[PDB]
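Reviewing the structure listed below.
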Amino acid sequence: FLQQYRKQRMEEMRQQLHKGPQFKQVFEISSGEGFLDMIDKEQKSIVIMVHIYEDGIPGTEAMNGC
Amino acid sequence: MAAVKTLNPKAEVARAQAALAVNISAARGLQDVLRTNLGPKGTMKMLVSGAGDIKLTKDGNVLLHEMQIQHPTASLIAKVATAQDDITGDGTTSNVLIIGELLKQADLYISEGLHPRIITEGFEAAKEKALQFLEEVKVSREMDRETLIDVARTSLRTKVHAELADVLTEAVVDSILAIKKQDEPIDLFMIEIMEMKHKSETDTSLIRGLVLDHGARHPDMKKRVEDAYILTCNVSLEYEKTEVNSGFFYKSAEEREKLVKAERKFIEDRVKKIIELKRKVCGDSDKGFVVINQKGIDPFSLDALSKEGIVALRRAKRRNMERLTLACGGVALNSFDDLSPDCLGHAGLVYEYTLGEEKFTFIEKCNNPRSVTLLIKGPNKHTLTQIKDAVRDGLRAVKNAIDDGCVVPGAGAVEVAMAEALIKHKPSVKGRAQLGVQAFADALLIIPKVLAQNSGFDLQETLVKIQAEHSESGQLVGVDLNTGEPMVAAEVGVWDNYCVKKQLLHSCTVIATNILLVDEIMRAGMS
Amino acid sequence: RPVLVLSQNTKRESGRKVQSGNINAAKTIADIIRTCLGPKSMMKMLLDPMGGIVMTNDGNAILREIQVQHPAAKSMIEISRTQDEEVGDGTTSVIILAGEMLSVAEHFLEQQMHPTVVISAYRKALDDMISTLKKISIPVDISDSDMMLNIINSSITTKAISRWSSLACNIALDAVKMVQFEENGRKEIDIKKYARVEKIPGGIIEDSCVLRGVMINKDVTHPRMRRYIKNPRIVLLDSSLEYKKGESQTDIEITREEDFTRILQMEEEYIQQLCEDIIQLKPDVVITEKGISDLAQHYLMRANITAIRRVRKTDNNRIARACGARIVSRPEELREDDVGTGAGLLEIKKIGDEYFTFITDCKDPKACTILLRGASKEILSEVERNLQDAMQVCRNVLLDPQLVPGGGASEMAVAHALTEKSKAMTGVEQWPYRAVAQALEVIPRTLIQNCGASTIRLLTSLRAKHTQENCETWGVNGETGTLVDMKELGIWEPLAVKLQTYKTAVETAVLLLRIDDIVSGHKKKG
Amino acid sequence: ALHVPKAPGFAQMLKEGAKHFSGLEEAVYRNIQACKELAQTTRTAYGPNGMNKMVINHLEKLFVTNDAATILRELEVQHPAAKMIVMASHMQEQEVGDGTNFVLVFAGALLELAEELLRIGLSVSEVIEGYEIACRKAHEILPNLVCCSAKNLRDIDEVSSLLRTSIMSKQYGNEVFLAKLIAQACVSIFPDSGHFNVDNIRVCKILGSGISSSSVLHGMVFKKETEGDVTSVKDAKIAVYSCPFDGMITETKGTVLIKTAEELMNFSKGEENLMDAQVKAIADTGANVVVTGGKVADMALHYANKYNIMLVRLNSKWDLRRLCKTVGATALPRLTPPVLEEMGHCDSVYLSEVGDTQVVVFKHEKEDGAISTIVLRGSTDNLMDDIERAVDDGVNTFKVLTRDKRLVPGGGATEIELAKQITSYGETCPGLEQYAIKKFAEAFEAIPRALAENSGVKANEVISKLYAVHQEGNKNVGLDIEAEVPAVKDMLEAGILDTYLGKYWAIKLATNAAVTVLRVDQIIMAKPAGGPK
Ligand SMILES: Nc1ncnc2c1ncn2[C@@H]1O[C@H](COP(=O)(O)OP(=O)(O)O)[C@@H](O)[C@H]1O
Ligand SMILES: Nc1ncnc2c1ncn2[C@@H]1O[C@H](COP(=O)(O)OP(=O)(O)O)[C@@H](O)[C@H]1O
Ligand SMILES: Nc1ncnc2c1ncn2[C@@H]1O[C@H](COP(=O)(O)OP(=O)(O)O)[C@@H](O)[C@H]1O
Ligand SMILES: [Mg+2]
Ligand SMILES: [Mg+2]
Ligand SMILES: [Mg+2]
């Protein structure tokens, strides 16, 4: 039943491998100029992912945990 | 205020009595919702998903999954019920009810200044005594068809309508007896639960064979073969490409024709092997070949097979390999290097059924199949889902009964007897754990209470009638759901799985003990 | 235009306020888990930001699940993690001790004593505590299984698994004993890699056991293979058993009619050759970390060989240790020594609705799996954490056979010894020495507080008892709130655990007492 | 004291957008009201005097019809109970083909009377048991109400008379002509073998000339054109090919490797010569029509035009299979010339224009064949769609007649007789289930009531007349549509008969849906969230 993601469960258990010091948190941007001068700077080789949210609305905490 | 809030300002903390109150309230809410599920007299619930899918059910675990709950303690109870369903397949509603009643009875004494540790100690002592009594009360018995029928009825009647339960009992018991080997563990994968959506709910039945959800892909294939040889194979009869980037080079159209003709020789060799085997096996028109292939078959091979009067199916399920090798009796082949007549299955009837755009193939009249299929019929999707859940519960119950010859009388009789045994054992417990033992007994008493309430009778009056009858007579009298009078569960035919009761006791006691000892709930992962 | 020397977001805090804040943060971190110490500890519920629930009274898990902003709290959490990794026990004890020492240091810091004097006094006291702890220790015969079981019991009476104590102790002792290995003159335990804990929700806890082998969540590739082999000869592999592309670009060019069929037949013949090379050793089970082709399955099946594919590397190493095999990545180089004989039974059985593969009759196995059956996932997670604590304590005892009285006896004895030693200093630094000496009483005090008895009366009685000569083993019965002699109660802890706890707490206090200026807000500049 | 907090327990643990309904008033009565509303929406389109409804779906596509199943499927019903009743109606449509409106009306009436019974004091279990008993009684009674049988399906007149009733409810004005068309189409199909295939009847909708100009063609019509220059064949020799009409190519990858000048010069000549040889080999078998399921190569088209070969390209494989069935050819996978047993034959193939659309016709002279098609004309697309729906209803009625040949009087005669007999039985039954049995009997009155309401007369007078007449014993008497005053007449002479199997299945499905709706006691709806489709 490969259509039902046999490995999904096992990927979930060994995704719980924080191991090292704490688990940190996603970077929070509180200024538009901060966003602009962090995206403009930094090496372009690696990918930058940004999450847009508003407090209270559902569909946010799950994304942050992911 | 709290230390966590001092470190993490936006942290939610419930401390001391607050955490215990929160947990007990959540358990009480879950129990209040799931009370009406218990017993054949329980009420159906309609569950509508976000997309609008409709599901009618009475299963406790199914209801828990579809309940729109966002509570931690409810999540823990749901995980416990999920484990209970996974291992035994029954008792989820009883699991939740017993957990909630245990927590409520424990709170009844904790609110009087008692420490939860003493209540947990009493719970452990009562669990030990109750397990001893359950071992003392079970009815060890070699199980013929009658006892299995009774157990399957006791489950399916609680799950579905009475007439549907009557049909499903024969279906499930016959299927289990068909696939059961002597002194061997029962493999439930060998019973295929296929659902079709055209007939009424009472037309579901058992086929001593196999049913496939796909049919022949060539319009010229035979639609019904009387005497069939089954060739179960896992060989890709469709076209394949070289692993090493082959490519073709030619200088003229004739060379292109030659290369095109010569590119299918590899597959044509396998097809020729199959054709030669069929010709050698049967030279007349009496018999026939059905070729079930786990991998695809290209149209050229389909045409080549059809010209020889061979019906073939492609893209079958992996479990169907074992199902066919056990039902028809052949050998699943991953290659045709050395194929012999003795590796061919047999089937006394193979025919194809069309339903709308869906296509089905029946493999019937097997000699002595070790793998049967349970065909589910109904006019609605939700009806099919309900019947599927009920059949799962019945199959699990029958398998559990077969596993150990002991069976426990139902209708709450064993709960009442265990409650009286615990009450009598209470003086032997030293200290204030007698309160915990009493709470455990009262919590165990919830099942007859809920059964009587669902049946519509008075709760306390029925319970005291049952208890008085059991005390004066010593028999295992349960709650009759038509009159409310005491009734002997064993004689009537209300049976319960011993493994289900043992798992209920163990899991309920463990989770209640763990919850009672929780004094703080924290969510401090943010910021 | 606001021209500044430093950036706008840079904030600098300095003075006695910084020391007070650090000490208060450490105190509050201690107060987080102050109630989770002793046999009468109460468990806590942690709501994981990923959606899970963690129910435990282990200090390290609770402190790990908490996200904090004050960097002193981060230091304390790192202290908890270090103590957990080094010895596996005493997390709550070390956190509480660090908090108490920082409190008694803040005492003097409020006066006009420089922190360096406190640091020197703390280091002297640490040396004296190490000396006294070594002095009051006793040796242990590791051969006596009863003493080892008693030690593990003392280690696990404070956890939820305490209700099943003999079972857990036997499981941990057997696992640790059979994972013990020695090769090339080097002795190792390696609880992390081998001695796997596999938890399957359902069943009952008393059904949990440690297998004389390895169990994996895998099934046979083809149903026709045997699911029950009496005395298997196991062969392990890494390389796939399927035709694969070469490393270099190897495009072909077909101009003849029979080259396509020849290519496909050559692929089939290569697979057959690999299978024949495997078969030449006449094994019964073939385990591969990677895929096994259907044709390979057929060729193995023709030789009556059970094949299992797609196994994790850690599981394959565990199987190799259990059955005494060697993983071979090239079948043509398979040797007789590589064939794994020593497994006494292989059996694939269905648990619940999912197949499991057992290799569970090995003679002299150097790896094992622990099968946990329980109510649900969270209960089994807590049980696994308790088992980890038990195994860590057992390995600590095996490495160092020294024991120290527990239940507050060690702390009180060390405090009395340091108090007596401090009587002959006559220096400005004797006061912090005495203060950090009596700061060790927080462990008996916490035990009494969690028990529920009166703290002041019991603690005074315990101090009076310890002022006598031969009373180093007098501690607090954490269940009844009475003074007992722990050579009678039987609570003992490894000397390594106590030494690590004391060292880590003292150096946490030292590290947090050297700070008097906090600057924050600057970029990483990476 | 200004706000009422949520009750502790399940009420507080509920999600944000979720809704919970429990008890009689909150759940069962509301479900009954929703089902009654759905039945009310569909009620007015029942019987010959039913009214078409312009229904516009979310895709802004207009549907005008009185088919209950189509109306229900074109409405995004939101209430789960009405969803269940719609599922029952669709199941009835799939199983039989006609009777969806009967299912919906009967379910609505049953649920309304169940609500009344619950209000007067009965329990849900008692009502469900009473309905099950009454449904079993009705299924027992139904075989005794059969008036006549089909007794012949190869005849045109008898089949037309049988099919007139089914397609009289839809397109009431002109039912004889449509009955004749569908009768001819079904009689051409349905060979001596008893098996009848509904899919063998094709419908082609060509606009322009009014529905009275429709006809039946023994063959197929494709709204396409001919690729080649030939547009008419009189002794058709179709040679169907499932492969593209082009030289085949390698499946992995083919590159023309040229190493000398002569190969480069001769490649195109050789390829063209090979194409010509293949096409001439095809033509030498006497084939003059070629039907291909793939693309047509330019050189292949030229060489086919050279040898006077008609080219027809079918885009869909289903059309290719249907043409093979209706001609007698085998879908070849290569350009090899067809052998005699694979050789397709037809009486005439030509290119014709009907209205303003060019069509290719495969016409059989004989009144027989595997597949027959109905060329539908009309002045509007929606009108032709309604005629197609009526044709589907008639064909399904013919299929049911093939399966079961028994017929019962229509126009409310069967419903009134069933109600009378079930009421008579319910009096003899003691206990509390007699009320449920009597209400089940009364629920049958919704059919004659709907017919009378749609016809424009007083329903009460019609129902009283029907009860009286059935009281003497004329059990084949229903209301007269062609009358401005409430009146009744015998349906056997009028030939207003509906299939017994349809009535049986419709009653079973309606009762099952009503009972299943009644069984529900609690509803836990989730937040609708998204769900684009
Ligand atoms: N016919 C009957 N008469 C009396 N008691 C019954 C009858 N059938 C079932 N029971 C009792 O009612 C209970 C039904 O439980 P059930 O609703 O199946 O909960 P779960 O689904 O959690 O097992 C069983 O414990 C059984 O003992
Ligand atoms: N039965 C007991 N009575 C008194 N003290 C005990 C008992 N069991 C353990 N202890 C003491 O409790 C301490 C262990 O506490 P624990 O909860 O394990 O903290 P940690 O998890 O940080 O090790 C040890 O110092 C031990 O001496
Ligand atoms: N000429 C007629 N006179 C009286 N009643 C008729 C006539 N033709 C059809 N009917 C009735 O109309 C009903 C059919 O209604 P219809 O709109 O087809 O709904 P459904 O599609 O659900 O059957 C049948 O029960 C039949 O008795
Ligand atoms: Mg049950
Ligand atoms: Mg510890
Ligand atoms: Mg109709």
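To be explicit about the labels: the chains of the structure tokens are called A, B, and onward in the order shown, and within each one the residues are counted from 1, while ligands get numbers from 1 in the order they are shown.
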task: Return the neighbours of chain D among the residues of chain A, cut-off 12 Å, counting only C-alpha atoms, as number ranges by chain.
output: A: 56-59
field: Members of range 384-419 of chain B assigned alpha helix (DSSP H) by DSSP, as a PyMOL selection string
entry: chain B and resi 384-403+413-419
- line: For chain C, the closest of B:105, B:70, B:37, B:334 counting only C-alpha atoms is B:334
task: Using DSSP on the backbone, list every residue of range 166-351 of chain C that comes out as strand (DSSP E), and give them as a PyMOL selection string.
output: chain C and resi 181-183+186-188+196-201+209-210+214-216+228-229+234-237+285-288+306-308+346-351
message: At a cut-off of 9 Å, using only C-alpha atoms, what residues contact range 264-279 of chain D? Leave out same-chain residues fewer than 2 positions from it and give the result as a list in words.
response: residues 251, 252, 253 and 254 of chain B; 246, 247, 258, 259, 260, 261, 262, 281, 282, 283, 284, 299, 300, 303, 304, 307, 335, 336 and 337 of chain D
With only C-alpha atoms as the counted atoms, please give the residues lying no more than 10 Å from range 59-65 of chain C, apart from itself and same-chain residues fewer than 4 positions off, as a PDB file with N, CA and C atoms, in the first residue's frame.
ATOM      1  N   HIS A  18      15.730  15.729  17.897  1.00  0.00           N
ATOM      2  CA  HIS A  18      16.321  17.015  18.250  1.00  0.00           C
ATOM      3  C   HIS A  18      17.761  16.851  18.723  1.00  0.00           C
ATOM      4  N   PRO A  21      21.415  20.788  21.335  1.00  0.00           N
ATOM      5  CA  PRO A  21      20.971  21.779  22.328  1.00  0.00           C
ATOM      6  C   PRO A  21      19.627  22.381  21.946  1.00  0.00           C
ATOM      7  N   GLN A  22      18.620  22.141  22.790  1.00  0.00           N
ATOM      8  CA  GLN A  22      17.276  22.677  22.605  1.00  0.00           C
ATOM      9  C   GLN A  22      16.733  22.361  21.218  1.00  0.00           C
ATOM     10  N   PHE A  23      15.794  23.175  20.738  1.00  0.00           N
ATOM     11  CA  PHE A  23      15.256  22.993  19.399  1.00  0.00           C
ATOM     12  C   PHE A  23      15.079  24.295  18.630  1.00  0.00           C
TER      13      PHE A  23
ATOM     14  N   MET B 522       1.690  22.131  30.980  1.00  0.00           N
ATOM     15  CA  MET B 522       2.489  23.237  30.478  1.00  0.00           C
ATOM     16  C   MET B 522       2.485  23.251  28.961  1.00  0.00           C
ATOM     17  N   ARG B 523       2.524  24.456  28.400  1.00  0.00           N
ATOM     18  CA  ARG B 523       2.733  24.670  26.967  1.00  0.00           C
ATOM     19  C   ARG B 523       3.689  25.854  26.866  1.00  0.00           C
ATOM     20  N   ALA B 524       4.988  25.561  26.831  1.00  0.00           N
ATOM     21  CA  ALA B 524       6.014  26.594  26.883  1.00  0.00           C
ATOM     22  C   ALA B 524       6.975  26.491  25.707  1.00  0.00           C
ATOM     23  N   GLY B 525       6.482  26.074  24.544  1.00  0.00           N
ATOM     24  CA  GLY B 525       7.319  25.996  23.366  1.00  0.00           C
ATOM     25  C   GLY B 525       7.381  27.246  22.521  1.00  0.00           C
TER      26      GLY B 525
ATOM     27  N   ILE C  29      14.073  28.423  37.339  1.00  0.00           N
ATOM     28  CA  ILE C  29      14.255  27.177  36.599  1.00  0.00           C
ATOM     29  C   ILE C  29      14.271  25.993  37.554  1.00  0.00           C
ATOM     30  N   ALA C  30      14.927  26.144  38.706  1.00  0.00           N
ATOM     31  CA  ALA C  30      14.884  25.089  39.712  1.00  0.00           C
ATOM     32  C   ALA C  30      13.459  24.849  40.198  1.00  0.00           C
ATOM     33  N   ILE C  32      10.817  25.177  38.639  1.00  0.00           N
ATOM     34  CA  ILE C  32      10.020  24.496  37.620  1.00  0.00           C
ATOM     35  C   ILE C  32       9.824  23.029  37.988  1.00  0.00           C
ATOM     36  N   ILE C  33      10.906  22.349  38.366  1.00  0.00           N
ATOM     37  CA  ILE C  33      10.888  20.911  38.594  1.00  0.00           C
ATOM     38  C   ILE C  33      11.207  20.551  40.038  1.00  0.00           C
ATOM     39  N   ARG C  34      11.157  21.521  40.952  1.00  0.00           N
ATOM     40  CA  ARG C  34      11.386  21.222  42.363  1.00  0.00           C
ATOM     41  C   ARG C  34      10.478  20.105  42.868  1.00  0.00           C
ATOM     42  N   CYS C  36       9.327  17.507  41.255  1.00  0.00           N
ATOM     43  CA  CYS C  36       9.459  16.262  40.506  1.00  0.00           C
ATOM     44  C   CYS C  36      10.655  15.439  40.974  1.00  0.00           C
ATOM     45  N   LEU C  37      10.958  15.492  42.266  1.00  0.00           N
ATOM     46  CA  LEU C  37      12.087  14.768  42.832  1.00  0.00           C
ATOM     47  C   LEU C  37      11.606  13.858  43.951  1.00  0.00           C
ATOM     48  N   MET C  43       3.888  13.626  38.186  1.00  0.00           N
ATOM     49  CA  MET C  43       4.238  13.787  36.786  1.00  0.00           C
ATOM     50  C   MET C  43       3.649  15.080  36.231  1.00  0.00           C
ATOM     51  N   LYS C  44       4.170  15.496  35.080  1.00  0.00           N
ATOM     52  CA  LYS C  44       3.742  16.722  34.424  1.00  0.00           C
ATOM     53  C   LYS C  44       3.369  16.429  32.980  1.00  0.00           C
ATOM     54  N   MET C  45       2.469  17.244  32.441  1.00  0.00           N
ATOM     55  CA  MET C  45       2.054  17.143  31.049  1.00  0.00           C
ATOM     56  C   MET C  45       2.679  18.288  30.264  1.00  0.00           C
ATOM     57  N   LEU C  46       3.403  17.949  29.204  1.00  0.00           N
ATOM     58  CA  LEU C  46       4.032  18.926  28.328  1.00  0.00           C
ATOM     59  C   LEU C  46       3.371  18.851  26.961  1.00  0.00           C
ATOM     60  N   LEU C  47       2.937  19.996  26.448  1.00  0.00           N
ATOM     61  CA  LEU C  47       2.301  20.068  25.135  1.00  0.00           C
ATOM     62  C   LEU C  47       3.361  20.479  24.120  1.00  0.00           C
ATOM     63  N   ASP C  48       3.817  19.506  23.340  1.00  0.00           N
ATOM     64  CA  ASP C  48       4.850  19.743  22.345  1.00  0.00           C
ATOM     65  C   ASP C  48       4.345  20.738  21.301  1.00  0.00           C
ATOM     66  N   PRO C  49       5.144  21.743  20.933  1.00  0.00           N
ATOM     67  CA  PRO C  49       4.718  22.661  19.864  1.00  0.00           C
ATOM     68  C   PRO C  49       4.473  21.984  18.525  1.00  0.00           C
ATOM     69  N   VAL C  54       3.853  15.119  25.995  1.00  0.00           N
ATOM     70  CA  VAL C  54       4.901  14.428  26.733  1.00  0.00           C
ATOM     71  C   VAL C  54       4.502  14.421  28.200  1.00  0.00           C
ATOM     72  N   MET C  55       4.311  13.229  28.754  1.00  0.00           N
ATOM     73  CA  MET C  55       3.945  13.054  30.154  1.00  0.00           C
ATOM     74  C   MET C  55       5.117  12.396  30.865  1.00  0.00           C
ATOM     75  N   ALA C  73      18.612  30.957  32.094  1.00  0.00           N
ATOM     76  CA  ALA C  73      17.768  29.775  31.988  1.00  0.00           C
ATOM     77  C   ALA C  73      18.285  28.828  30.914  1.00  0.00           C
ATOM     78  N   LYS C  74      18.774  29.376  29.800  1.00  0.00           N
ATOM     79  CA  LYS C  74      19.376  28.537  28.771  1.00  0.00           C
ATOM     80  C   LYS C  74      20.596  27.807  29.311  1.00  0.00           C
ATOM     81  N   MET C  76      21.074  26.918  32.435  1.00  0.00           N
ATOM     82  CA  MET C  76      20.582  25.860  33.315  1.00  0.00           C
ATOM     83  C   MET C  76      20.056  24.669  32.519  1.00  0.00           C
ATOM     84  N   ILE C  77      19.350  24.934  31.420  1.00  0.00           N
ATOM     85  CA  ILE C  77      18.839  23.848  30.587  1.00  0.00           C
ATOM     86  C   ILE C  77      19.990  23.063  29.967  1.00  0.00           C
ATOM     87  N   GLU C  78      21.031  23.764  29.515  1.00  0.00           N
ATOM     88  CA  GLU C  78      22.210  23.076  29.000  1.00  0.00           C
ATOM     89  C   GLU C  78      22.873  22.239  30.086  1.00  0.00           C
ATOM     90  N   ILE C  79      22.853  22.726  31.327  1.00  0.00           N
ATOM     91  CA  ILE C  79      23.374  21.947  32.447  1.00  0.00           C
ATOM     92  C   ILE C  79      22.589  20.653  32.603  1.00  0.00           C
ATOM     93  N   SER C  80      21.263  20.749  32.528  1.00  0.00           N
ATOM     94  CA  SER C  80      20.421  19.560  32.607  1.00  0.00           C
ATOM     95  C   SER C  80      20.761  18.573  31.498  1.00  0.00           C
ATOM     96  N   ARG C  81      20.924  19.079  30.274  1.00  0.00           N
ATOM     97  CA  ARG C  81      21.249  18.209  29.147  1.00  0.00           C
ATOM     98  C   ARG C  81      22.604  17.537  29.335  1.00  0.00           C
ATOM     99  N   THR C  82      23.596  18.287  29.817  1.00  0.00           N
ATOM    100  CA  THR C  82      24.919  17.717  30.048  1.00  0.00           C
ATOM    101  C   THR C  82      24.867  16.621  31.101  1.00  0.00           C
ATOM    102  N   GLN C  83      24.154  16.867  32.201  1.00  0.00           N
ATOM    103  CA  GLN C  83      24.043  15.850  33.240  1.00  0.00           C
ATOM    104  C   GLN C  83      23.339  14.608  32.714  1.00  0.00           C
ATOM    105  N   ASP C  84      22.290  14.792  31.909  1.00  0.00           N
ATOM    106  CA  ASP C  84      21.597  13.642  31.337  1.00  0.00           C
ATOM    107  C   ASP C  84      22.512  12.838  30.425  1.00  0.00           C
ATOM    108  N   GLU C  85      23.279  13.515  29.573  1.00  0.00           N
ATOM    109  CA  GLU C  85      24.118  12.794  28.620  1.00  0.00           C
ATOM    110  C   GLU C  85      25.281  12.095  29.313  1.00  0.00           C
ATOM    111  N   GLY C  88      23.097  10.018  32.886  1.00  0.00           N
ATOM    112  CA  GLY C  88      21.753   9.508  32.712  1.00  0.00           C
ATOM    113  C   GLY C  88      20.849   9.591  33.920  1.00  0.00           C
ATOM    114  N   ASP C  89      21.304  10.187  35.019  1.00  0.00           N
ATOM    115  CA  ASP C  89      20.472  10.324  36.204  1.00  0.00           C
ATOM    116  C   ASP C  89      20.931  11.538  36.996  1.00  0.00           C
ATOM    117  N   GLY C  90      20.077  11.980  37.914  1.00  0.00           N
ATOM    118  CA  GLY C  90      20.395  13.127  38.738  1.00  0.00           C
ATOM    119  C   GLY C  90      20.137  14.468  38.097  1.00  0.00           C
ATOM    120  N   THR C  91      19.274  14.526  37.082  1.00  0.00           N
ATOM    121  CA  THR C  91      18.990  15.792  36.417  1.00  0.00           C
ATOM    122  C   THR C  91      18.298  16.774  37.356  1.00  0.00           C
ATOM    123  N   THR C  92      17.204  16.341  37.984  1.00  0.00           N
ATOM    124  CA  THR C  92      16.504  17.213  38.918  1.00  0.00           C
ATOM    125  C   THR C  92      17.406  17.586  40.084  1.00  0.00           C
ATOM    126  N   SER C  93      18.200  16.628  40.562  1.00  0.00           N
ATOM    127  CA  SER C  93      19.101  16.898  41.674  1.00  0.00           C
ATOM    128  C   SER C  93      20.107  17.981  41.314  1.00  0.00           C
ATOM    129  N   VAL C  94      20.702  17.897  40.123  1.00  0.00           N
ATOM    130  CA  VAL C  94      21.712  18.882  39.753  1.00  0.00           C
ATOM    131  C   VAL C  94      21.073  20.247  39.536  1.00  0.00           C
ATOM    132  N   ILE C  95      19.866  20.286  38.964  1.00  0.00           N
ATOM    133  CA  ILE C  95      19.193  21.569  38.769  1.00  0.00           C
ATOM    134  C   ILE C  95      18.909  22.230  40.113  1.00  0.00           C
ATOM    135  N   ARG C 385      11.802   5.910  28.655  1.00  0.00           N
ATOM    136  CA  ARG C 385      12.696   6.828  29.357  1.00  0.00           C
ATOM    137  C   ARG C 385      13.159   6.237  30.684  1.00  0.00           C
TER     138      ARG C 385
END
message: Report, in Å to a single decimal, how far apart CA of residue 176 in chain B and CA of residue 410 in chain B are.
response: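 For CA of residue 410 in chain B relative to CA of residue 176 in chain B, the distance reads 22.0 Å.
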- request: Check which residues fall inside 8 Å of ligand 2 when counting only C-alpha atoms and all ligand atoms, and print them as a ChimeraX atom specification.
  value: /C:36-39,41,57-59,89-95,154-159,405-409,443,447,475-479,489,491-493
Export, as a CSV table (one decimal), in the first residue's frame, the selected residues with C-alpha atoms.
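Produced file out06.csv, reproduced below:
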chain,number,residue,atom,x,y,z
C,36,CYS,CA,9.5,16.3,40.5
C,37,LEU,CA,12.1,14.8,42.8
C,38,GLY,CA,11.8,11.7,45.0
C,39,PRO,CA,9.7,8.5,45.0
C,41,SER,CA,7.1,12.9,42.6
C,57,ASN,CA,8.6,13.5,35.7
C,58,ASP,CA,12.1,13.2,34.3
C,59,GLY,CA,13.9,16.5,34.8
C,89,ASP,CA,20.5,10.3,36.2
C,90,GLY,CA,20.4,13.1,38.7
C,91,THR,CA,19.0,15.8,36.4
C,92,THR,CA,16.5,17.2,38.9
C,93,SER,CA,19.1,16.9,41.7
C,94,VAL,CA,21.7,18.9,39.8
C,95,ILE,CA,19.2,21.6,38.8
C,154,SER,CA,16.8,2.2,43.8
C,155,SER,CA,17.3,4.0,40.5
C,156,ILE,CA,13.7,3.3,39.3
C,157,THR,CA,11.7,3.7,42.5
C,158,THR,CA,11.2,7.4,41.6
C,159,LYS,CA,9.6,6.7,38.2
C,405,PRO,CA,24.1,6.2,50.4
C,406,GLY,CA,21.1,7.9,48.9
C,407,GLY,CA,17.9,9.6,50.0
C,408,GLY,CA,19.7,12.6,51.4
C,409,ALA,CA,22.3,10.7,53.4
C,443,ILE,CA,17.9,17.5,48.6
C,447,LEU,CA,12.4,14.9,49.7
C,475,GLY,CA,18.8,9.5,55.3
C,476,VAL,CA,15.1,10.3,54.8
C,477,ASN,CA,12.5,7.7,54.0
C,478,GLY,CA,10.8,9.6,51.2
C,479,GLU,CA,7.6,7.5,51.4
C,489,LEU,CA,16.2,0.7,53.5
C,491,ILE,CA,18.6,3.0,48.7
C,492,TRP,CA,22.0,3.4,47.0
C,493,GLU,CA,23.2,5.4,44.0
message: Can you pull out every residue with an atom within 8 Å of ligand 6? Use only C-alpha atoms and all ligand atoms and format it as an MDAnalysis selection string.
response: chainID D and resid 47 67 97:102 166:167 169:170 393
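The space separating CA of residue 414 in chain D from CA of residue 145 in chain D comes to 7.1 Å.
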task: Residues within 8 Å of ligand 4 should be enumerated using only C-alpha atoms and all ligand atoms and returned as a VMD selection string.
output: chain B and resid 38 to 39 59 to 60 89 to 94 155 158 to 159 393
field: d(CA of residue 297 in chain C, CA of residue 273 in chain C) in Å
entry: 13.0 Å
message: What's around range 393-396 of chain C at 9 Å? Count only C-alpha atoms, leave out sequence neighbours fewer than 4 positions away in its own chain, and write the answer as an NGL selection string.
response: :C and (87-89 or 148-149 or 151-152 or 155 or 172-173 or 176-177 or 189 or 191 or 388-389 or 400-401 or 493-497)
Within 7 Å of chain C: residues of chain B, using only C-alpha atoms, as a VMD selection string: chain B and resid 3 to 4 7 to 8 79 to 80 83 to 84 86 to 87 242 to 250 258 to 259 262 to 263 265 to 266 322 334 to 335 503 506 to 507 510 517 to 527
